[PDB]
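Below is one structure, written out as structure tokens, with a few remarks after it.
Protein chains in written order, with our numbering: chain A, 200 to 211; chain B, 83 to 132.
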């Protein structure tokens, strides 16, 4: 909510 | 007649194609290259009909 976190979808 | 005779199809799955594209296009991840992004959303559910 306070710290945005993104991730790789399927290139992993 | 084509439908009755052309039973199977031959193709390579997506994973290998994505690996080849990654190797040929040596770019860092986390750079938002849309060429790689567009292909990542494909599938081959419908190949026999095509």
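Beta carbons: idealized from backbone N, C-alpha and C, even for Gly.
Identification of chain A residues near residue 111/B by a Cβ-Cβ cut-off of 8 Å yields 207, 210, ordered along the chain. For residue 122/B, the residues of chain A that pass the 9 Å Cβ criterion are 208, 209, 210, in the order they occur in the chain. Secondary structure at residue 121/B: helix, using DSSP grouped into helix, strand and coil. Boundaries of the alpha helix (DSSP H) around residue 86/B: 84-87.
Less than 8 Å divides the Cβ of residue 121/B from the Cβ of residue 103/B.
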